[PDB]
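**Q** Quick one, fold the following:
(chains A and B, ligands or ions: 3)
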Amino acid sequence: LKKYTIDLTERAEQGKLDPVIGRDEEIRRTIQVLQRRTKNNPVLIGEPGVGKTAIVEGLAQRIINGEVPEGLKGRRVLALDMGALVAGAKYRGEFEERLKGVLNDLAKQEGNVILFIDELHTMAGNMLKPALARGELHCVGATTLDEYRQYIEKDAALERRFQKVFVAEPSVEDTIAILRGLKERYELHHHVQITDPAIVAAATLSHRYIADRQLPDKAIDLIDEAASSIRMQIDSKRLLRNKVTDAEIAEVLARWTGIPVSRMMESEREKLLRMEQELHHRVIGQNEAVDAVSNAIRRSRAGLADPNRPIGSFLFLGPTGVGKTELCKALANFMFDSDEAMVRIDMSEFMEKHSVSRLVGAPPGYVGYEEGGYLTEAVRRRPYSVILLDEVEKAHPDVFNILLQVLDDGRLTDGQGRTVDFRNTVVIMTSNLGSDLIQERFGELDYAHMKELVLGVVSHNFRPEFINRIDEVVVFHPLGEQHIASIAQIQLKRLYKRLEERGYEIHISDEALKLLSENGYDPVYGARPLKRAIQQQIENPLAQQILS
Amino acid sequence: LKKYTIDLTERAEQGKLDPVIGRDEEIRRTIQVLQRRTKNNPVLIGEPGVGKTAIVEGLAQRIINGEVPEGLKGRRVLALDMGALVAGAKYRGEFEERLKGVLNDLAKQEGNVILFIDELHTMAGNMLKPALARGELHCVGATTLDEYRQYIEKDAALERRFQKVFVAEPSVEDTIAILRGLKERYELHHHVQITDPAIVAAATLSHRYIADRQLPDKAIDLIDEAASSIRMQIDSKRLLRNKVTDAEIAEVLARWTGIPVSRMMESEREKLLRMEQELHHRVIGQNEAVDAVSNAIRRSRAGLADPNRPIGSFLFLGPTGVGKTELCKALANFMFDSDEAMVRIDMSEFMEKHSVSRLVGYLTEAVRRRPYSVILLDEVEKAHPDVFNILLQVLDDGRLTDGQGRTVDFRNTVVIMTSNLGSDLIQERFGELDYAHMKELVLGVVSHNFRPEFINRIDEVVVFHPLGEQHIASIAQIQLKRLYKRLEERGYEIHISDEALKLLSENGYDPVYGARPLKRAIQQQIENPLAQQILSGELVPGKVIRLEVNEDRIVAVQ
Ligand SMILES: Nc1ncnc2c1ncn2[C@@H]1O[C@H](COP(=O)(O)OP(=O)(O)O)[C@@H](O)[C@H]1O
Ligand SMILES: Nc1ncnc2c1ncn2[C@@H]1O[C@H](COP(=O)(O)OP(=O)(O)O)[C@@H](O)[C@H]1O
Ligand SMILES: Nc1ncnc2c1ncn2[C@@H]1O[C@H](COP(=O)(O)OP(=O)(O)O)[C@@H](O)[C@H]1O
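**A** Residues are numbered from 1 along each chain as shown, chains lettered A, B, ... in the order given. Ligands and ions are numbered 1, 2, ... in the order given. Coordinates below:
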């Protein structure tokens, strides 16, 4: 170590290495593949920021405190100046230029030295496999799984020395324990006070919304950002608050994910109070009746459903133009937090019995493998989605079991190679076979009497083996005539964007709602030509004088 | 020490930097990173030319001024000097020595000299690595978006130790507002006289037109260049353009993006009434079927006629080749001059489920270098929801999520669908008739075996005529006029007879081919039957080229 003597264990005896806790389940491998006779070079494999400092860089802090195995006793973990003394000339060629000046001393150390990571996918490595081929070079490495799998293929100058330490992220609870012995380094630097419910908000609340940093990475900087917002709050040029809270954490978490505090700082039971009120921000209503299917997802938190099944299993029977599109998205707006959780698939594609392998997947060798399926690849894309199966009844009169493995054993296998998991889904089936009769009255006090003629008539294309695996046959509440006047004004919003741009007032007194009461609630045809009760008598002659 | 570096706060102890207005939240973000214990280095990421320098310029006038928090008092922020590194080399490898002596002495400062590295994408810079956590170096970055992914985010070493302060395209009013208090050095330097609206018509009229540039960089590059065409008469020997005007800012904008001055002097309702009488010179007719084709632009780009709809797929009757699919080849004249808009689909007899896997590697070769364009689709007539399932949300919503996923800015690009089924059950003959055959077949021409809800969802139920009987050598006059003034020099002129003009102008009508029997019934006179007496030895002038009364093949004797 003639040029320099950069020592990791000296940084442990001075305390410049950060105080480390936990992570002893995977020091019991790092050492077991380190103090061996052969294969003496561990590589910590995971996501970038999992705890590669938490294992390797605390081992030097573990040497001087004596809880390391014997054989490792009297071993100093060293490092190089790799990052400033890889080079020494002006032009290119400095990838491994002055490596030989500082690798020759390591042979003389006689089984004591351990060289650091130094980002060993960047050492590529013109001199490393010359240096490592004898095995006397005693090291630790660490590289992420994108830079461990893509990096090397069959190097027996590398995999001869490396052991597959696939390091993993801790759970929700574990990273909370890390911040208890890490708040002793933030009581001196930011000069703040950190409390115990303040450190739980960094872990368990960012667990559902934040995934770009692993569990003891995102929970540490979320703590230290509020601790770096303290003197931004105290000393913005009366407001001295060095005691941090969970509100400081939930502040900077709301500014990071994109979603505000409004759907974040509550328990799931606390947004459950206005769940129907956020349902009926866009649902046509009938809140005295249709809260049964509201209770079914409310029954999905305790866990008395089948664990070998998805979250939901239903039937969504009724007319069209009623909530076939409206009710399904609003189930995804609350739990699944999205407007693109929609897998609308009309099952009129089953005019051939060969079309089982098109929504699911062709076999290997047959055409339809390079793109996969429809009810699989979207669920491969979105495993956190509701699933909506439009018009089930047009399945083949001989061929089914397209929807039985998804409900019985919960899982489904496409023709690609990997089984698709449906455990975080809810099935929504619209097999309209006998409920296309909205023209009858049937809806003054009860709305199930429309359904009672269907269960005697729907079962010739259904089977007894299928209706068992769906619990609540939830009938579509109808679209009344007065109920159009709540949900028809959300189409007008582009002209609502237009009317404030021109300084004019064309706001009505009973002149434009009589044609908005002619969309839906149909006796003969439907809402597809009923949408044209507006364009041919208002939009042509009244607002063509607005661009002139 | 004393002279090896340039302390920008030593320029800010007197006040030789730039103030910050409106960007105060991203400068409270800079201290919000640097106050940390772990990973306490900021990076001022912006677009090309947003003021990534300006934040440290704003940070410099807060340290001595005391508007920073109480922990940055005394810590004076420097900058990475480039000229104090490579000046006066003597032998080979003069980089690492007069970088380290500038570097190593900052160990005992204890966070005092906080370095700023402008152009972190350049700073190479690979000796500043191993001592971030030493306290011997404390850096501040300034990078562009793509220029950060190549240098820090590709690796895991610097991935921790630098945080990204994203700086955006500011508002137009705050763009002028920082130049509203810093206007003194703009009055006597650009050779411009003081007026209010001089910045205005280059900032409000160039955030969308030249949106491929950056307005905070066009916060100088449109003041320095619109007042550079002004500089022809500012000192050359009221009377002339001494003050800035803002019509010549609009006039020089036409010399940048190609959108000329004939749009920037007309009114608003005439600006959208120029496409109407446009495709009438080359493609003749269509005196209403171009008035009511961009009518939905007055009804969807503004938004009038119930935008929860497709555009329309009723009849557009046409002749085979010369006004069926040609009406997107003559559209190189409208808004962005995009000839690479070629997405046209025949969607006529597609009944099998195996014709979709070609549209879903050239997607990032033609549309992403120039995003604001025209995008076409025509002849979408008879398909099933096996292929219409993608194309059911392409009727609206703008942004494409099939395999695209990103912002597909089709509200500022165009989405068009038409169906131009003019093949059977009614046709032209040659190109001259009246207007008594406009709209007569609803379930007969396009909607042969498909639902009427696909033919009542059309806004612009418009068409041109099934003209006929006299004119296919005149709509395709390209092989009559242009090919027979071919020898316009050497004293030559090719005159055609009435046999090839009015005799056969009606006879060999076939409703399938059209353009090739024009070149098959008149395939016997063009060059070498013309060259029976014209070419190869008889090039003497003094005679007139003519054709005579013969049968359908003529030897053109002179
Ligand atoms: N168990 C732990 N004890 C102390 N600090 C930890 C622990 N786990 C993680 N950290 C902190 O999180 C960071 C982990 O760094 P690391 O995971 O090695 O990043 P990378 O994988 O990008 O090299 C370090 O700053 C470290 O201080
Ligand atoms: N509840 C609603 N809110 C807004 N628009 C609606 C609603 N119901 C129907 N529409 C409009 O009516 C048109 C035709 O609806 P339709 O396809 O018949 O509905 P569904 O698929 O539910 O039967 C759609 O383009 C849509 O814009
Ligand atoms: N919003 C703004 N208002 C006024 N001036 C600005 C603004 N943004 C940038 N500038 C000017 O641009 C300069 C910043 O240069 P910049 O484009 O950030 O350089 P670089 O791209 O090399 O980092 C400042 O000196 C300032 O004068």
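**Q** Around chain B, which positions in the stretch 351-500 of chain A sit nearby?
**A** When proximity is defined as Cβ under 8 Å from any Cβ of the partner chain, the stretch 351-500 of chain A approaches chain B at A:355, A:358, A:367, A:370-371, A:491, A:494-495, A:497-498. For every residue, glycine as well, the C-beta is placed using N, CA and C.
**Q** Out of those residues, who's the most crowded?
**A** With neighbours taken as other Cβ atoms under 10 Å in any protein chain shown, the top of these is residue A:358, carrying 20 neighbours.
**Q** For the residues of the stretch 351-500 of chain A next to chain B, which two are the farthest from each other?
**A** A:367 and A:498 (48.9 Å; Cβ to Cβ).
**Q** in chain A, which spans are strands?
**A** A:41-45, A:77-78, A:114-115, A:141-142, A:162-166, A:312-317, A:345-346, A:387-390, A:411-413, A:419-421, A:426-429, A:472-475 (DSSP state E).
**Q** could you pull out the helices for the stretch 151-300 of chain A?
**A** A:174-178, A:206-209, A:215-226, A:230-234, A:246-257, A:268-271, A:275-279, A:291-298 (DSSP state H, counting those that start in this stretch).
**Q** again with the stretch 301-450 of chain A
**A** Using DSSP H, counting those that start in this stretch, helices in the stretch 301-450 of chain A cover A:326-334, A:377-381, A:405-408, A:449-452.
**Q** And those: which comes nearest residue A:426?
**A** helix A:326-334 (7.0 Å).
**Q** Distance check, the closest residue to residue A:171 other than its chain neighbours against ligand 1.
**A** With Cβ to Cβ, 6 or more residues apart in numbering or on different chains as the criterion, residue A:171 has its nearest non-adjacent residue at 6.8 Å, and that residue is residue A:215. Residue A:215 sits at a distance of 9 Å from ligand 1 (criterion: Cβ to the nearest ligand atom, to the nearest Å).
**Q** so residue A:215 sits right up against residue A:204, yeah?
**A** No. Look at residue A:215 against residue A:204 with Cβ atoms under 8 Å: they stay out of range, at 10.0 Å.
**Q** Apart from its chain neighbours, what residue comes closest to the residue of the stretch 351-500 of chain A found nearest chain B?
**A** Nearest residue of the stretch 351-500 of chain A to chain B: residue A:494, at 3.8 Å (Cβ to the nearest Cβ). Spatial nearest neighbour of residue A:494, excluding adjacent residues (Cβ to Cβ, 6+ apart): residue B:303 at 3.8 Å.
**Q** That neighbour contacts residue A:495, correct?
**A** Yes. Using Cβ under 8 Å, residue B:303 makes contact with residue A:495 at a distance of 6.3 Å.
**Q** For the stretch 401-548 of chain A, what lies in contact range of ligand 2?
**A** Within the stretch 401-548 of chain A, the positions near ligand 2 by Cβ under 6 Å from any ligand atom are A:487, A:491, A:526-528, A:531.
**Q** repeat that for 8 Å
**A** By Cβ under 8 Å from any ligand atom, the residues of the stretch 401-548 of chain A that approach ligand 2 are A:479, A:487-488, A:490-491, A:519-520, A:526-528, A:530-531.
**Q** and if you look at chain A?
**A** A:284, A:320-326, A:479, A:487-488, A:490-491, A:519-520, A:526-528, A:530-531.
**Q** In PyMOL, how would I select the buried members of the residues you listed?
**A** Typed into PyMOL, the line below selects the buried ones among the residues of chain A next to ligand 2, using 16 or more other Cβ atoms under 10 Å in any protein chain shown:
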select buried, chain A and resi 284+320+321+322+323+324+479+487+488+491+519+520+527+528+531
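**Q** domains of chain A?
**A** Per the record, chain A has its domains at A:1-168, A:174-263, A:288-475, A:484-539, by automatic domain parsing.
**Q** thinking again about what came up before, what about the helices of the stretch 301-450 of chain A, which gets the closest to ligand 1?
**A** Smallest distance to ligand 1 across the helices of the stretch 301-450 of chain A (Cβ to the nearest ligand atom): 28.5 Å, for helix A:377-381.
**Q** Counting neighbours, which bits of the closest one end up buried?
**A** A:377-380.
**Q** How far does that helix sit from its chain's centre?
**A** 14 Å (Cα atoms, centre = their mean, to the nearest Å).
**Q** tell me the contacts of the residue of the stretch 151-300 of chain A found nearest ligand 2?
**A** Ligand 2 sits closest to residue A:284 of the stretch 151-300 of chain A, with a gap of 6.9 Å, by Cβ to the nearest ligand atom. Applying Cβ atoms under 8 Å, 6 or more residues apart in numbering or on different chains, we find residue A:284 in contact with A:323, A:326, A:477, A:479, A:483, A:486-487.
**Q** switch the cut-off to 10 Å
**A** A:290, A:322-323, A:326-327, A:477-480, A:483-484, A:486-487, A:520 (Cβ atoms under 10 Å, 6 or more residues apart in numbering or on different chains).
**Q** now do residue A:58
**A** With Cβ under 10 Å, 6+ apart, residue A:58 has these contacts: A:12, A:17-24, A:27, A:51.
**Q** Top of these by number of neighbours, please.
**A** Highest count within the contacts of residue A:58 by other Cβ under 10 Å belongs to residue A:51, 28 neighbours.
**Q** shouldn't that residue be in contact with residue A:175?
**A** Yes. Using Cβ atoms under 10 Å, residue A:51 is in contact with residue A:175, at 9.4 Å.
**Q** Quickly list what's touching both of these two.
**A** With Cβ under 10 Å, 6+ apart, residue A:51 and residue A:175 have common neighbours A:22, A:169, A:214-217.
**Q** for the residues you listed, which one is nearest ligand 3?
**A** Among these, and counting by Cβ to the nearest ligand atom, the member closest to ligand 3 is residue A:217, at 29.8 Å.
**Q** How many residues are close by that closest one?
**A** By the criterion of other Cβ under 10 Å, residue A:217 has 19 neighbours.
**Q** I figured it was touching residue A:179, is that so?
**A** No. In this structure, residue A:217 is not within contact of residue A:179 by Cβ under 10 Å, at 11.7 Å.
**Q** Quick check: neighbours shared by those two?
**A** Common neighbours of residue A:217 and residue A:179 are not found (criterion: Cβ under 10 Å, 6+ apart).
**Q** which one of the residues of the stretch 351-500 of chain A next to chain B is nearest ligand 3?
**A** Among these, residue A:497 lies closest to ligand 3 (Cβ to the nearest ligand atom), at 28.5 Å.
**Q** Show me what counts as buried in stretch A:382-393.
**A** Buried residues in stretch A:382-393 (16+ other Cβ under 10 Å): A:382, A:385-392.
**Q** can you check stretch A:346-358 too?
**A** Along stretch A:346-358, these residues count as buried under the neighbour rule (16+ other Cβ under 10 Å): A:347, A:349-350, A:355-358.
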